[PDB]
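Trainee:
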Amino acid sequence: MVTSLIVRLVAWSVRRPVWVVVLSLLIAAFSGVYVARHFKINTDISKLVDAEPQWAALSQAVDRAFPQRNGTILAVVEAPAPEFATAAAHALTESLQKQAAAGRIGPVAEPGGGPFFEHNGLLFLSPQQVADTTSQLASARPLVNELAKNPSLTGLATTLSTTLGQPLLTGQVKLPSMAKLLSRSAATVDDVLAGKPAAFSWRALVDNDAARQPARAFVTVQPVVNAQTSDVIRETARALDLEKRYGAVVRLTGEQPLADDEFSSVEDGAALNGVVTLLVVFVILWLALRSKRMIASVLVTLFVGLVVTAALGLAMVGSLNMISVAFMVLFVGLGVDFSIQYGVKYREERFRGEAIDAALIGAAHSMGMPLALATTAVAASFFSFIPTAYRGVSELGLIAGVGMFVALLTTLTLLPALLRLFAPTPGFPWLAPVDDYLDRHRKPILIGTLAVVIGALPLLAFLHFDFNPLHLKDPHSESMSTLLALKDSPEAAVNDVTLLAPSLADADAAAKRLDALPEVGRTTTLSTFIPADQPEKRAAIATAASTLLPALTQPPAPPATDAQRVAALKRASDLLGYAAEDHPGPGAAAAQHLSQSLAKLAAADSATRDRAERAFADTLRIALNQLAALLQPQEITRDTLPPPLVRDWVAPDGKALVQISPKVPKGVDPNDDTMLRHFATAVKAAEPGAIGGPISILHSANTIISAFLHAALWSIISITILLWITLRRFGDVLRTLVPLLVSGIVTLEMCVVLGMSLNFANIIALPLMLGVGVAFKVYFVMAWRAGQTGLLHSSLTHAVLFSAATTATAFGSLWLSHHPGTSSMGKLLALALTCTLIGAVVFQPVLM
Amino acid sequence: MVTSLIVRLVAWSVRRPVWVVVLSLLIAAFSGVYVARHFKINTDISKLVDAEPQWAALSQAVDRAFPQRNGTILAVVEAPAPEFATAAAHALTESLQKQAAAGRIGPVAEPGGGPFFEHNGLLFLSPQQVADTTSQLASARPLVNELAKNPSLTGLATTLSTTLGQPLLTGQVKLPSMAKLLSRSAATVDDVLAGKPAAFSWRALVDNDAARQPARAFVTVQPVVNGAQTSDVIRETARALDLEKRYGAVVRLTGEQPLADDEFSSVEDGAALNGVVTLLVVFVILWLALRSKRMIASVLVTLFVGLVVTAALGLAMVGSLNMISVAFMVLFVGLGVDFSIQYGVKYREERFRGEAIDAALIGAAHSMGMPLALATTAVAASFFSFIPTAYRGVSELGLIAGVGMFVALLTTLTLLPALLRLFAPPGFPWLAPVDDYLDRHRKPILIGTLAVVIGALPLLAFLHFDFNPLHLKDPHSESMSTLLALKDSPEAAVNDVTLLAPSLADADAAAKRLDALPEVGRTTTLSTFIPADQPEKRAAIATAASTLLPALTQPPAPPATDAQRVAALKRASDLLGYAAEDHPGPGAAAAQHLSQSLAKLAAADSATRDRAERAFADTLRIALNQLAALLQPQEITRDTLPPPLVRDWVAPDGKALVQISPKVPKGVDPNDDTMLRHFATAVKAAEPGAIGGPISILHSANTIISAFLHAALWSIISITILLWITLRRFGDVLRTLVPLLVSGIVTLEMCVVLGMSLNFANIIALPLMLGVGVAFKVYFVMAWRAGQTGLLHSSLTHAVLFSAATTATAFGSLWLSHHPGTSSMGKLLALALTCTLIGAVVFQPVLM
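From first to last, the protein sequence lines are chains A and B.
Quick note on numbering: our numbering labels position 759 of the first sequence as 759, and the sequence is numbered without any gaps.
Quick note on numbering: our numbering labels position 392 of the second sequence as 1392, and the sequence is numbered without any gaps.
Here is the structure:
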């Protein structure tokens, strides 16, 4: 039946050889040009996995109401001080605004604090903290008065030594109270002396308590309505030289730059890794059949089928997405096996004494239904993902599956043709001690390994899974690295889900509903930008401003010369030592540490003293500018908010989206499914419309989890029925199935032993290894069909591991892909190929 | 030739039956008395699982330096209000303090605040906070002057309406500022009218921290250095103190020992009834197998004789019966009666197949010698597999049960034949449809299940362990229910690790170093009881004391009459209604809410007014009492700390002790190993000497896993070699080993499907089922000698089903136990038994 059609198709192809080559090359030429017409690649994360129309409408609501929300970029400005970070964002925000007005990018806005928060920021506090801060600030009038008159370095050492001489004696100020200022000042000066960059963050030493090391400032760039936005922010920040002036760095992230870094890890070295993979195949191909004229004929059919696969694949998938690109390596890994398994047989037919076309048609009866069993089995594991909403894998299985058939059809028509036009002692003594041990002890070794896998069966208890898709995104990329640092920042709404409400009145009642949950914590509406009771706070701030603003706005200072600078530095260093020895205690240790730094600073140079000044005076002049703005607040009403601030929270309609900043406490990273799954499943149980962040990700996992679960079940049914139709004996269906079970546990059992938890792209390989697992049982059973002699000798000569060396060369190519998403798949495909090969050599009695 | 040796034991047992009954009864008599003299049971958690001296000397280092620290039992005092909570703890502490001196219990101290913390409370705040809290209190003097003079419901409503009258009109005070005061007032008043517990807490409104609604107070007693013990002594005082009902509080006890003995209580909720109802089920199964009164009675006697000599040998070689090892007798009844079920009915058929009494006993001993000697040695091997492991809870159970299996076989081979010949005593139609479908369609059903199992292999990826042992404990006893709610309280410090340092100056170096790690939160040495550097706050609080304390100490106002109260309540209710409509705002809606509640209150009874007064005025008494005590701080010398404080932190040897309370996320999980095992590995890595809470638990799991994992591997190496020796030929060892692999996955695959996690007692059954798995493959293979077809018929009329029903009755009894550790094991043993039964029937063509 099936074996008669093949020798008929070979006889046809071997009767008319020249007609095949000119028809294949013509179809290969038509298929080659066909590839270039519409070779399009999609890198959107939304086409890897599909979602039901319920989840699609919710994600379409928040997007269609706020079309800007998705494509916004998040620029992270990072400087050695909050003052230099805030001042750098302002420089960057201003030059970005100029192009936005020209239509190059969309509205530029900074969340942490634009001109709106810089002035009215003191109003957002609680009502009691304001009157307390105005009380501290009003009493700080003589201190801020001395700082505004001379912000210069010499003016700081002057107001320092002035305090370190008489106030300590008078009893008005004490030494341990300054130790909070001196120690940080001493640590700041020591950094300036060491040469490494630092800056005295005047804000962190007084009003603020959090002295987090890498101070940062954020500025968002919404997209245009119609080089695009990600290139503009790179040019302006380069032209501004605000990295050289303010000491900041511009790091950008967002919806779209994340996805383009994903595919950036795919193409990285792919040209080098693709060509070095074919060389390994070439060396393995020559090791099988060793004849330069046969290898050429094999590599020609491999190229033709690969082109027809890419042509027939592009037609039915349109886009070649990030996950669907692996079909290229899999074709060259598996399709050559057909040419390896058949070519080495013809080489043996030629060896035994047969010649010419008899050897070619003779190998068509041996490798007849075997090469049709393997091809239909591998394609069945590819097709097993087709009926699933996992388009990334579904497209892969569609291209590779039909690619397996055309590859087999290529091996049956084109390869016998070239082996006709062109045409051409094993000796392996190193298998001797192994096959001696094996064939003498293959009886207890089987029971040995079988008892082991049942003993390690409870290792699968700790077979842990991985749930957050951030672990397969390459963390050392520029887009992923900045996102992971914004976990602690509340203004980087990176872990927030969005819920669209029918009004701002509804959203405030929903945000109050969500705040009742223990997972939620921070909720923000547009009303969150309307503080509670502003009249009280303005009444206290204005009184503090009645005494501070006269003291904060002093005339400038004369640029003191160099000799006067060292004078006040030595003067400030000398009055500390006497202050530390006359009044000992905890502050004396801090005061005496500053004496050494100032003395070393005064005896350094003038360029380094200008550095320390720019690290003490400059950051003071920036900090003083902020206090005056904070003391001057206006009235806040819904119609007194900036126009862009309302468009980002209430669209020109009645859509007030609620962003739920989940509780940001200290512990593990947020992306772990510990609290972010608890938050995403509780805030979804409350408000069912909530979608976007942790919720849209959690629903993505359950869509991927139920995705491969069917395909694995789809494989064995489509493969078991496949083995019953061909092999009608049920005694052989039970044959090939048992090692599939043993091969399937040992891999899972190895993932515990080696320590490689299953993830989302990694798990794709579990269903595929059923079609390839029975494709190598078919290969092996032919190498040992001669006899039970040397299992390694037979398979070496009959070239089954020469097909495994090519298939493992395929999986080895995906293993070295830099991208941890695909590289976790290749590590599974290679681990399951090794458990298959060892699973066949060991289980010869059960299988044959 | 054990079959010949076995008949030697039986032919001797027959002919002289009186020699057996008398000798075995004496052994049971000698054994029964031995079971009475020894019956020790230790409930400590440490006897179950062991550890090397590193985790044993560090445990003893802290214990030796602080012997009192272990047995201290926590006593939570929860009341409707914080002031009612602390006032009930004070009554509880001083009554416990009397009996501590009497030698009944050890020293009684309250961690939250005794007279020490109550007076120096403000000295522990941050320097800026207390200087600000001092200014707030000082200006609130006219309010407390009105409150201290009239802590009475009439004086409350009078101070309310007085403020609403003129200060609201003149602009002195504003109505929205009282919205928080008026709201919780109206909330409290409505509670008094509703009848549920109410108590206006002046803490949760003035300081406005809004502490948790179930306000808690803690008092710890230690055990005596050398009558009912300390756990009941606390329950006796607060029961007879009666004021705990008046103060509104209930005391609940959690400790190290009062929590461990509640677990043993959860083992015997209705276990005595569970034990006897188990025998009644086995009794009906025994009749269904060998339906004759004399054969049932004969088996029940030899069952008890083996049960008592096993219980005697068990104590004579383990002594202890920890709650993991206590579940051996239900396993004996379930698994020991199986031997008397196989031999009892083989005799019954062979006797009914045309033989005499002496022939049937001896003929049944011939054809069941090697089988019953195989199953016995096989089940014993799974128990013994836990012997060489540091998991004594199972090592003891495995020891007693294993020595009992050999005894059970020996009891069936000698005693049962003796009793049987002295006393002396198969058509099922409903199997026809199922046996027909099975026997005619065995070919594809086997391929069907062996396919489905291979496809459900990726399900094992979501098999999840449960690393913490708290889910294993009963969550509805008093001790466990108490400890679970203590996650919020920091001074409870329920999950702290204890590091023992040489000196306090050195312990301060470790405590202040551990604070650098991200998940460390708080550290407490004795030096953290020397609060900060606050002689300045002594002067600040003194200033507030100069004006507040004179206003605090007022002469007790005369008790207002009954007529004036409703007059004063309506005066406050009628002024609230006008306050809301004349001067409106956000607090006007709250002021209107209180007006209705006051009017409803002022028209109910004269007992409900004193009722709400005991919730408002009897509370103002306490709050004002705390304000006076808080304003008198005294000094912070290391010698001001009381003697118990120094003893509970600095050892007499000079050793200081650091408690590390992990950083408390505001989020969710209080028990998941995500952050508590993170804090257990970061603190253990930084400070290796750490031990106690999470570290002693996390290390306890990894030694259970290692002890458990080896037992599974040790089970098959025991069974496989036992199958190599007894069963000759590799074709029969592989015949029964492959279905062991199949059943092992289907159970784990069911834990994924059903949703059963794998814990620490649940996991004991995985190695135990390798022995039970082959014991029924030995039973089934005998049932299918005569009737290899009609295998559901044959398995019924050949004992296997009636044998599996007694085994499931053993596993069913453990399922009904209240202890979730034991119960989770009983659910795994049943699911693994229900998979090996179906695993043998479906996989019939694999064996005979």
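Just so it is clear, CB atoms sit at the ideal spot from N, CA and C, and this is done for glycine as well.
Name the chain A residues whose beta carbon is nearer than 8 Å to that of B:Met1675?
Mentor: Neighbours of B:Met1675 on chain A, chain order: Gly667, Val668 and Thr674.
Trainee: Can you pull out the residues from the region 501 to 532 of chain A whose beta carbon lies closer than 7 Å to at least one beta carbon of chain B?
Mentor: Hits within the stretch, in order: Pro518, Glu519 and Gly521.
Trainee: Around the C-beta of A:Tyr437, are 16 or more other C-beta atoms found within 10 angstroms, so that it is buried, or is it exposed?
Mentor: Counting Cβ neighbours within 10 Å, A:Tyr437 comes out exposed, since fewer than 16 surround it.
Trainee: Taking the alpha-carbon of A:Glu687 as reference, which of A:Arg611, A:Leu801, A:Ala511 and A:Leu828 has the nearest alpha-carbon?
Mentor: Per the Cα distances, A:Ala511.
Trainee: So B:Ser1700 and B:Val1049 are in contact, right, with Cβ under 8 Å, and what is the actual spacing, rounded?
Mentor: At roughly 6 Å, the Cβ-Cβ gap stays under 8 Å, so B:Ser1700 and B:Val1049 are in contact.
Trainee: Let me confirm a value: A:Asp474 is counted as buried when at least 16 other C-beta atoms fall within 10 Å, else exposed. Which label applies?
Mentor: Counting Cβ neighbours within 10 Å, A:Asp474 comes out buried, since at least 16 surround it.
Trainee: Quick one: which chain B residues come within Cβ less than 9 Å of A:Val841?
Mentor: Ordered by position in chain B, no residue passes the 9 Å Cβ test against A:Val841, which lies about 16 Å from the chain.
Trainee: Tell me the rounded alpha-carbon separation between B:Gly1032 and B:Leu1286.
Mentor: Going from the Cα of B:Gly1032 to the Cα of B:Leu1286 covers about 25 Å.
Trainee: Output needed for A:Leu58: all residues of its chain with C-beta closer than 7 Å, excluding positions within five of it in sequence on either side, in chain order.
Mentor: Correct list, in chain order: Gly689 and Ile691.
Trainee: Where does the unbroken alpha helix (DSSP H) through B:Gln1564 begin, and where does it stop?
Mentor: Unbroken alpha helix (DSSP H) run through B:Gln1564: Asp1562 to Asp1582.
Trainee: Does A:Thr413 pass the burial test, meaning 16 or more other C-beta atoms within 10 Å, or should it be called exposed?
Mentor: With 16 or more other Cβ atoms within 10 Å, it is buried.
Trainee: Specify whether the region 80 to 99 of chain A and the region 260 to 277 of chain A touch according to this definition: at least 3 beta carbon pairs, one from each stretch, less than 8 Å apart.
Mentor: No, because fewer than three Cβ pairs between the region 80 to 99 of chain A and the region 260 to 277 of chain A fall closer than 8 Å, the two stretches do not touch.
Trainee: Can you give me the Cβ contacts of A:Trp724 inside the same chain, cut-off strictly under 8 Å, excluding the 5 residues immediately before and after it?
Mentor: Closer than 8 Å at the Cβ level, and outside the excluded window around A:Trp724, lie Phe730 and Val733.
Trainee: For chain A, find out if any of its Cβ atoms is closer than 8 Å to the Cβ of B:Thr1720; answer yes or no.
Mentor: It does; some Cβ of chain A falls within 8 Å.
Trainee: Going by DSSP in three states, A:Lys40 sits in which element: helix, strand or coil?
Mentor: Correct three-state label for A:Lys40: strand.
Trainee: When the Cα atoms are used, what is the spatial distance from A:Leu569 to A:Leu575?
Mentor: Taking the straight line joining both Cα atoms gives about 10 Å.
Trainee: Give every residue of the same chain whose Cβ lies closer than 8 Å to the Cβ of A:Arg513, excluding the five residues on either side of it in the sequence, and list them in chain order.
Mentor: The residues are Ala686 and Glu687.
Trainee: Please state the DSSP three-state secondary structure of A:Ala101.
Mentor: Note: A:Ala101 maps to helix in three-state DSSP.
Trainee: Does A:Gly362 get closer than 8 Å to chain B when you measure Cβ to Cβ?
Mentor: By this cut-off, A:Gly362 is not an interface position.
Trainee: Name the chain A residues whose beta carbon is nearer than 9 Å to that of B:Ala1011?
Mentor: Ordered by position in chain A, no residue passes the 9 Å Cβ test against B:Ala1011, which lies about 36 Å from the chain.
Trainee: Would a C-beta distance cut-off of 8 Å place A:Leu460 and B:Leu1463 closer than the cut-off?
Mentor: Yes; because the gap between Cβ atoms is below 8 Å, this pair is in contact.
Trainee: Please go through the same chain and pick out, in chain order, the residues whose beta-carbon is closer than 8 Å to the beta-carbon of A:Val130, but skip the five residues on each side of it.
Mentor: The residues are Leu122, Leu123, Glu536, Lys537, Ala540 and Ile541.
Trainee: Does B:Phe1386 get closer than 8 Å to chain A when you measure Cβ to Cβ?
Mentor: By this cut-off, B:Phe1386 is not an interface position.
Trainee: Determine whether the Cβ of A:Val453 lies closer than 8 Å to any Cβ atom of chain B.
Mentor: Chain B contact via Cβ: present.
Trainee: Confirm, please, whether the CB-CB distance from B:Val1668 to B:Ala1312 is below 8 Å.
Mentor: Contact flag unset, no.
Trainee: Mind checking the region 1735 to 1748 of chain B against chain A and listing, in chain order, the residues whose C-beta falls within less than 9 Å of any C-beta there?
Mentor: Cβ contacts with chain A: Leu1737, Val1738, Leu1740, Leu1741, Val1742, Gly1744, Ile1745 and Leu1748.
Trainee: If A:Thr134 and A:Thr543 are in contact, beta carbons under 8 Å, what's the gap, nearest whole angstrom?
Mentor: Contact flag correct, Cβ pair sits at about 7 Å.
Trainee: Below 8 Å on the Cβ atoms is my contact criterion, and I expect A:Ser324 with A:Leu258 to pass it. Report the Cβ-Cβ distance as a whole number of Å.
Mentor: Not a contact, Cβ separation roughly 19 Å.
Trainee: Output, in chain order, the set of chain A residues within a Cβ distance shorter than 8 Å of B:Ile1717.
Mentor: Here the neighbours are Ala451 and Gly455.
Trainee: Would you please verify whether the beta carbon of B:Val1733 is less than 8 Å from any beta carbon of chain A?
Mentor: Judged by the 8 Å Cβ criterion, B:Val1733 is in contact with chain A.
Trainee: Whose Cβ in chain A lies nearer than 7 Å to the Cβ of B:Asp1132?
Mentor: Neighbours of B:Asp1132 on chain A, chain order: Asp132.
Trainee: Does the beta carbon of A:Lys777 come closer than 8 Å to any beta carbon on chain B?
Mentor: No, A:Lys777 does not count as interfacial toward chain B.
Trainee: Just curious, the beta strand (DSSP E) that B:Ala1198 is in, first and last residue?
Mentor: Neither: B:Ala1198 is in no beta strand (DSSP E) and is coded neither H nor E.
Trainee: Look at the alpha carbon of B:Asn1671 and the alpha carbon of B:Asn1468, and state the distance between them as a whole number of angstroms.
Mentor: Looking at the two C-alpha atoms, the distance is approximately 8 Å.
Trainee: In this structure, what does DSSP give as the bridge partners for A:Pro662?
Mentor: Paired residues: A:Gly521.
Trainee: For A:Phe708, which residues in chain B fall below 8 Å Cβ to Cβ?
Mentor: By Cβ distance, chain B contributes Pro1458.
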